[PDB]
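In what follows, a single structure is set out as structure tokens and then discussed.
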Amino acid sequence: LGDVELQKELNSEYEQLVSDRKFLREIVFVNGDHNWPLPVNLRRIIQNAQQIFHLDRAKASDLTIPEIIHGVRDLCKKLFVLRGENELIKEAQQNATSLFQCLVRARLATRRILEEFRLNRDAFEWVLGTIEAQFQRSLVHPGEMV
Amino acid sequence: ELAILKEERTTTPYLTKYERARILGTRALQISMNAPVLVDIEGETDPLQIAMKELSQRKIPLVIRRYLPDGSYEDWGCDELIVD
Amino acid sequence: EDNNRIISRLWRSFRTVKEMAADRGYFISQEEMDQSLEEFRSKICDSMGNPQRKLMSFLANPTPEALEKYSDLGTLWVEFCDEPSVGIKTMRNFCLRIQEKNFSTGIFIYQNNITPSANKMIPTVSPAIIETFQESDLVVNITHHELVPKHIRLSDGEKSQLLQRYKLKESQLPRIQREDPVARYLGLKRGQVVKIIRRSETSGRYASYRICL
Amino acid sequence: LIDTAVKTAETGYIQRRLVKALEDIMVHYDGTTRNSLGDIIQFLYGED
């Protein structure tokens, strides 16, 4: 209570979520459909993490807000579809993962992680690593005769 | 004149399924025709099993040349490629 | 009556022409953009309500930002023929005017049709480029349609950077015809490339490029 | 029976023509999707 810096971080996260809301509603899905085919089942990963580390029995979480925010942002910057430091390559990589980034930021919110999912430090790190690995495994292999 | 620098490589660092299949087939052929074996043989006799054992330990002495559409190529060692 | 409908359609065509000029990197005042139908009728239609096609003729100059982005953007002049069936003295005057005051690109708008004599005479205004448009086709601004994504003309440096990044020849890109309505709207030329930002249901935003034939 | 017998032939012809049309489309190592001539069809496979 009273922490200004954490309040600023949460305000930035909420602004990002509001921007994602506006971009999804006004540009991508005008009709309002929310169910779409996307890679990496986040719900299955979350429940697997809950089962593995026994996230039951209502024990207070040791996860901190800056850790969660920084981990989510870093994961959103590590979803490599295209590699290289070219400006066009970076722009295309940013464009190609907009919807998946919106999904990840919507699912892994601070309140949802703490109040609802009740992940701890180990569970959160395992979830981030599993999401990164599974997204890397979901790319199309070059040379596919599509 | 067409090779890409190692630090400038931009392709994926993982071993694609086609690359894995070709590497396993080539290694199995080479072992079948009496090439030296880089990994100890416990009881197996199938060349494909030996090739898979070598691949699991990153003991494949082969280099993939991934050809870019323009004509340039990238050289990737089978040791430096991530295998799931 | 029919006169009101005709004036409304003419005003819509004028608004579409102004929108095209603004999208082509030229500068148009906000008042000129926001010219309402009543103001257009007052300033164009006479007591009996007939329009004056010579009045809508105007001169536009590129914005400094667009001139910085595109170095080839010169002066633009827009003229509307008074006659429904165009007399060839109209674009004869057009050509001699463009030659005498050295305008880069001139856009001529006809009402019904143009004789092929003028159609094959207007290319002889080199190095100036003359483009023709039917007034009927300019009633509706097709660029505002839902199915038409935005097109942005790429500069020479951007095109070279794109070709270097993708390691391509000019003939390996997807093509767009010069007679395509979007190409006519943007005033494309051979070899120029347009970037298209498109809504995608798998990634949200998608980027594509098309080179004019 | 007659409708099924004609529909199966029509679908077979359509499928053969479709396969002949898109026979030489393959995803390259840069993520682009090109034909045998090297012309780019999609700058990214499936836009993702």
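Chain labels A, B, ... are given in the sequence in which chains occur in the structure tokens; within each chain residues are numbered consecutively from 1, and ligands are likewise numbered from 1 in the order shown.
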
Polymer residues at most 10 Å from residue 37 in chain D, only C-alpha atoms, same-chain spacing of 5 or more positions, as a ChimeraX atom specification: /C:172 /D:24-25

DSSP says strand (DSSP E or B) for which residues of chain D? Put them as a ChimeraX atom specification? /D:26-27,33-34,40-42

Atom pair CA of residue 67 in chain A / CA of residue 121 in chain A: separation (Å): 9.0 Å

For the structure I just gave you, how does DSSP split chain B - specifically, which residues are helix (DSSP H, G or I)? Reply as a ChimeraX atom specification. /B:6-8,17-32,47-56

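Within 12 Å of chain C, counting only C-alpha atoms, chain B contributes residues 10, 68, 69, 70, 71 and 72 of chain B.
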
What are the residues of chain D lining chain A at 10 Å or less? Count only C-alpha atoms, and put the answer as a list in words. residues 22, 23, 24, 25, 26, 27, 28, 29, 30, 31, 32, 33, 43, 44, 45, 46, 47 and 48 of chain D

Selection near residue 57 in chain B, 10 Å with only C-alpha atoms, sequence-local residues under 2 positions removed, as an MDAnalysis selection string: chainID B and resid 38:39 52:55 59:60 79 83

Keeping only C-alpha atoms, write those residues as a PDB file, in the first residue's frame.
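Written file, selection.pdb:
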ATOM      1  CA  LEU B  38      31.545 -42.214 -32.848  1.00  0.00           C
ATOM      2  CA  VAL B  39      29.510 -43.683 -29.955  1.00  0.00           C
ATOM      3  CA  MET B  52      19.727 -41.784 -33.412  1.00  0.00           C
ATOM      4  CA  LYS B  53      22.065 -42.483 -30.488  1.00  0.00           C
ATOM      5  CA  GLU B  54      24.753 -40.347 -32.134  1.00  0.00           C
ATOM      6  CA  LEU B  55      22.230 -37.567 -32.775  1.00  0.00           C
ATOM      7  CA  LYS B  59      28.012 -36.664 -32.303  1.00  0.00           C
ATOM      8  CA  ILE B  60      27.021 -36.228 -35.960  1.00  0.00           C
ATOM      9  CA  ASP B  79      26.395 -29.971 -32.901  1.00  0.00           C
ATOM     10  CA  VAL B  83      17.397 -31.020 -30.940  1.00  0.00           C
TER      11      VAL B  83
END

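For chain B, the residues within 9 Å of chain A are residues 8, 9, 10, 11, 12, 14, 16, 17, 18 and 84 of chain B, with only C-alpha atoms used to measure distance.
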
Could you state the separation of CA of residue 89 in chain A and CA of residue 128 in chain A in Å, given to one decimal place? 24.3 Å

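The environment of residue 122 in chain A within 9 Å, counting only C-alpha atoms and disregarding residues fewer than 4 places along the same chain, consists of residues 53, 126 and 127 of chain A.
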
What residues in chain C have any atom no more than 7 Å from chain D when counting only C-alpha atoms, and can you write them as a PyMOL selection string? chain C and resi 172-174+202-203+206+208

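Our summary of the geometry notes that CA of residue 118 in chain A is positioned 24.8 Å from CA of residue 34 in chain A.
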
Quick one: everything within 12 Å of residue 54 in chain A, counting only C-alpha atoms, minus sequence neighbours fewer than 6 positions away in the same chain. Send it as a count of residues only. 9

Fewer than 5 positions away in the same chain doesn't count, so skip those; otherwise give me all residues within 12 Å of residue 19 in chain A, counting only C-alpha atoms, as a PyMOL selection string. chain A and resi 12-14+24-27+98+102+105-106

File dump, residues just selected, N, CA, C and O atoms, as a PDB file, in the first residue's frame:
ATOM      1  N   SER A  12       0.803   1.295 -16.244  1.00  0.00           N
ATOM      2  CA  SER A  12       1.316   0.986 -17.575  1.00  0.00           C
ATOM      3  C   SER A  12       0.731  -0.319 -18.101  1.00  0.00           C
ATOM      4  O   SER A  12       0.349  -0.411 -19.275  1.00  0.00           O
ATOM      5  N   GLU A  13       0.650  -1.339 -17.242  1.00  0.00           N
ATOM      6  CA  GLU A  13       0.065  -2.612 -17.659  1.00  0.00           C
ATOM      7  C   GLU A  13      -1.402  -2.450 -18.043  1.00  0.00           C
ATOM      8  O   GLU A  13      -1.856  -3.010 -19.049  1.00  0.00           O
ATOM      9  N   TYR A  14      -2.157  -1.684 -17.253  1.00  0.00           N
ATOM     10  CA  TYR A  14      -3.565  -1.462 -17.562  1.00  0.00           C
ATOM     11  C   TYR A  14      -3.729  -0.681 -18.859  1.00  0.00           C
ATOM     12  O   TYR A  14      -4.648  -0.952 -19.638  1.00  0.00           O
ATOM     13  N   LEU A  24      -8.178  -4.857 -30.642  1.00  0.00           N
ATOM     14  CA  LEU A  24      -8.904  -6.070 -30.992  1.00  0.00           C
ATOM     15  C   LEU A  24     -10.344  -5.765 -31.384  1.00  0.00           C
ATOM     16  O   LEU A  24     -10.864  -6.343 -32.345  1.00  0.00           O
ATOM     17  N   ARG A  25     -11.006  -4.866 -30.654  1.00  0.00           N
ATOM     18  CA  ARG A  25     -12.422  -4.627 -30.909  1.00  0.00           C
ATOM     19  C   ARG A  25     -12.640  -3.814 -32.180  1.00  0.00           C
ATOM     20  O   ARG A  25     -13.541  -4.122 -32.968  1.00  0.00           O
ATOM     21  N   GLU A  26     -11.833  -2.779 -32.400  1.00  0.00           N
ATOM     22  CA  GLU A  26     -12.110  -1.833 -33.471  1.00  0.00           C
ATOM     23  C   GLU A  26     -11.440  -2.181 -34.794  1.00  0.00           C
ATOM     24  O   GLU A  26     -11.769  -1.562 -35.811  1.00  0.00           O
ATOM     25  N   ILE A  27     -10.522  -3.144 -34.821  1.00  0.00           N
ATOM     26  CA  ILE A  27      -9.766  -3.406 -36.041  1.00  0.00           C
ATOM     27  C   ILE A  27      -9.886  -4.866 -36.458  1.00  0.00           C
ATOM     28  O   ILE A  27     -10.298  -5.167 -37.584  1.00  0.00           O
ATOM     29  N   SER A  98       1.133 -10.204 -32.894  1.00  0.00           N
ATOM     30  CA  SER A  98       0.286  -9.257 -32.176  1.00  0.00           C
ATOM     31  C   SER A  98      -0.855  -9.968 -31.459  1.00  0.00           C
ATOM     32  O   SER A  98      -1.106  -9.722 -30.273  1.00  0.00           O
ATOM     33  N   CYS A 102      -1.423 -10.397 -27.458  1.00  0.00           N
ATOM     34  CA  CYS A 102      -2.651  -9.970 -26.798  1.00  0.00           C
ATOM     35  C   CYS A 102      -3.232 -11.091 -25.949  1.00  0.00           C
ATOM     36  O   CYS A 102      -3.663 -10.859 -24.814  1.00  0.00           O
ATOM     37  N   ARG A 105      -0.970 -11.538 -22.783  1.00  0.00           N
ATOM     38  CA  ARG A 105      -1.153 -10.447 -21.834  1.00  0.00           C
ATOM     39  C   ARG A 105      -2.533 -10.483 -21.191  1.00  0.00           C
ATOM     40  O   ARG A 105      -2.685 -10.072 -20.036  1.00  0.00           O
ATOM     41  N   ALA A 106      -3.547 -10.965 -21.914  1.00  0.00           N
ATOM     42  CA  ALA A 106      -4.875 -11.079 -21.324  1.00  0.00           C
ATOM     43  C   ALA A 106      -4.931 -12.202 -20.297  1.00  0.00           C
ATOM     44  O   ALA A 106      -5.523 -12.040 -19.225  1.00  0.00           O
TER      45      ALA A 106
END

Would you give me, as a PyMOL selection string, the residues of chain C that come within 12 Å of chain A, using only C-alpha atoms? chain C and resi 146+149+158-166+197-208

Write to file, as an mmCIF file, in the first residue's frame, the residues of the selection just made, with N, CA and C atoms.
data_model
loop_
_atom_site.group_PDB
_atom_site.id
_atom_site.type_symbol
_atom_site.label_atom_id
_atom_site.label_comp_id
_atom_site.auth_asym_id
_atom_site.auth_seq_id
_atom_site.Cartn_x
_atom_site.Cartn_y
_atom_site.Cartn_z
ATOM 1 N N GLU C 146 -14.803 -0.945 -46.924
ATOM 2 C CA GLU C 146 -14.327 -1.896 -45.925
ATOM 3 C C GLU C 146 -13.366 -2.910 -46.533
ATOM 4 N N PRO C 149 -8.042 -2.290 -48.207
ATOM 5 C CA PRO C 149 -7.057 -1.851 -47.217
ATOM 6 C C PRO C 149 -6.275 -0.648 -47.717
ATOM 7 N N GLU C 158 13.117 3.150 -49.464
ATOM 8 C CA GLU C 158 12.362 2.074 -48.831
ATOM 9 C C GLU C 158 12.252 0.865 -49.748
ATOM 10 N N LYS C 159 12.029 1.098 -51.044
ATOM 11 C CA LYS C 159 11.950 -0.007 -51.994
ATOM 12 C C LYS C 159 13.277 -0.748 -52.092
ATOM 13 N N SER C 160 14.385 -0.007 -52.150
ATOM 14 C CA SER C 160 15.697 -0.644 -52.198
ATOM 15 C C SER C 160 15.969 -1.439 -50.929
ATOM 16 N N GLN C 161 15.600 -0.883 -49.772
ATOM 17 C CA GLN C 161 15.785 -1.592 -48.512
ATOM 18 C C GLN C 161 14.949 -2.863 -48.469
ATOM 19 N N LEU C 162 13.714 -2.800 -48.972
ATOM 20 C CA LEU C 162 12.869 -3.988 -49.043
ATOM 21 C C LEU C 162 13.491 -5.059 -49.927
ATOM 22 N N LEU C 163 13.967 -4.666 -51.108
ATOM 23 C CA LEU C 163 14.561 -5.633 -52.024
ATOM 24 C C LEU C 163 15.812 -6.261 -51.425
ATOM 25 N N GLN C 164 16.632 -5.458 -50.744
ATOM 26 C CA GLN C 164 17.816 -6.001 -50.090
ATOM 27 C C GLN C 164 17.442 -6.946 -48.955
ATOM 28 N N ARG C 165 16.421 -6.593 -48.169
ATOM 29 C CA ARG C 165 16.027 -7.429 -47.040
ATOM 30 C C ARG C 165 15.486 -8.772 -47.503
ATOM 31 N N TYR C 166 14.643 -8.776 -48.532
ATOM 32 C CA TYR C 166 14.059 -10.026 -48.998
ATOM 33 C C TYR C 166 14.905 -10.731 -50.048
ATOM 34 N N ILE C 197 -1.301 -2.579 -45.528
ATOM 35 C CA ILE C 197 -1.503 -3.052 -44.166
ATOM 36 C C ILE C 197 -2.909 -3.624 -44.086
ATOM 37 N N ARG C 198 -3.012 -4.900 -43.735
ATOM 38 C CA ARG C 198 -4.250 -5.646 -43.883
ATOM 39 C C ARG C 198 -4.618 -6.330 -42.575
ATOM 40 N N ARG C 199 -5.905 -6.290 -42.246
ATOM 41 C CA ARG C 199 -6.417 -7.043 -41.112
ATOM 42 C C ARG C 199 -6.287 -8.536 -41.380
ATOM 43 N N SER C 200 -5.780 -9.272 -40.398
ATOM 44 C CA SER C 200 -5.584 -10.708 -40.510
ATOM 45 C C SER C 200 -6.139 -11.391 -39.272
ATOM 46 N N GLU C 201 -6.835 -12.504 -39.481
ATOM 47 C CA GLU C 201 -7.467 -13.224 -38.385
ATOM 48 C C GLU C 201 -6.522 -14.183 -37.677
ATOM 49 N N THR C 202 -5.272 -14.294 -38.129
ATOM 50 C CA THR C 202 -4.289 -15.139 -37.470
ATOM 51 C C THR C 202 -3.176 -14.362 -36.785
ATOM 52 N N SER C 203 -2.966 -13.095 -37.150
ATOM 53 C CA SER C 203 -1.913 -12.300 -36.533
ATOM 54 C C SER C 203 -2.342 -10.867 -36.248
ATOM 55 N N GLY C 204 -3.603 -10.517 -36.470
ATOM 56 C CA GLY C 204 -4.043 -9.154 -36.256
ATOM 57 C C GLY C 204 -3.693 -8.246 -37.415
ATOM 58 N N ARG C 205 -2.416 -7.910 -37.552
ATOM 59 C CA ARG C 205 -1.942 -7.041 -38.618
ATOM 60 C C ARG C 205 -1.010 -7.818 -39.535
ATOM 61 N N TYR C 206 -1.121 -7.568 -40.839
ATOM 62 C CA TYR C 206 -0.256 -8.192 -41.826
ATOM 63 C C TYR C 206 0.225 -7.138 -42.810
ATOM 64 N N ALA C 207 1.462 -7.293 -43.269
ATOM 65 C CA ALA C 207 2.073 -6.356 -44.200
ATOM 66 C C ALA C 207 2.337 -7.061 -45.522
ATOM 67 N N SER C 208 1.993 -6.399 -46.623
ATOM 68 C CA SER C 208 2.234 -6.940 -47.951
ATOM 69 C C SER C 208 2.742 -5.826 -48.851
#

Residue neighbourhood residue 49 in chain B, 12 Å, only C-alpha atoms, exclusion window fewer than 6 positions, as a ChimeraX atom specification: /B:24-25,27-29,31-32,39,41-43,55-56

Those same residues, written as a tab-separated table (two decimals), in the first residue's frame with N, CA and C atoms?
chain	number	residue	atom	x	y	z
B	24	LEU	N	19.64	-38.59	-40.16
B	24	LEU	CA	19.55	-39.97	-39.69
B	24	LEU	C	19.75	-40.96	-40.83
B	25	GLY	N	19.14	-40.69	-41.99
B	25	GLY	CA	19.30	-41.59	-43.12
B	25	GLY	C	20.73	-41.65	-43.62
B	27	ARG	N	23.52	-40.88	-41.96
B	27	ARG	CA	24.37	-41.51	-40.96
B	27	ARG	C	24.16	-43.02	-40.94
B	28	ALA	N	22.91	-43.47	-41.08
B	28	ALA	CA	22.64	-44.90	-41.12
B	28	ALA	C	23.29	-45.54	-42.34
B	29	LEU	N	23.23	-44.87	-43.49
B	29	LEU	CA	23.91	-45.39	-44.68
B	29	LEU	C	25.41	-45.50	-44.44
B	31	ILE	N	27.12	-45.72	-41.62
B	31	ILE	CA	27.44	-46.77	-40.66
B	31	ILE	C	27.25	-48.15	-41.29
B	32	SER	N	26.23	-48.29	-42.15
B	32	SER	CA	25.97	-49.58	-42.78
B	32	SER	C	27.12	-50.00	-43.69
B	39	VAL	N	30.10	-43.39	-31.26
B	39	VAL	CA	29.51	-43.68	-29.95
B	39	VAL	C	29.60	-45.18	-29.72
B	41	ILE	N	28.87	-49.03	-28.75
B	41	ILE	CA	27.78	-49.91	-29.15
B	41	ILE	C	27.56	-50.91	-28.03
B	42	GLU	N	26.41	-50.82	-27.36
B	42	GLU	CA	26.15	-51.70	-26.22
B	42	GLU	C	25.64	-53.06	-26.69
B	43	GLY	N	24.49	-53.09	-27.34
B	43	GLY	CA	23.95	-54.33	-27.87
B	43	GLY	C	23.22	-54.14	-29.19
B	55	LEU	N	22.92	-38.85	-32.72
B	55	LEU	CA	22.23	-37.57	-32.77
B	55	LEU	C	21.86	-37.08	-31.38
B	56	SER	N	21.44	-37.99	-30.50
B	56	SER	CA	21.05	-37.59	-29.15
B	56	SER	C	22.23	-37.03	-28.37
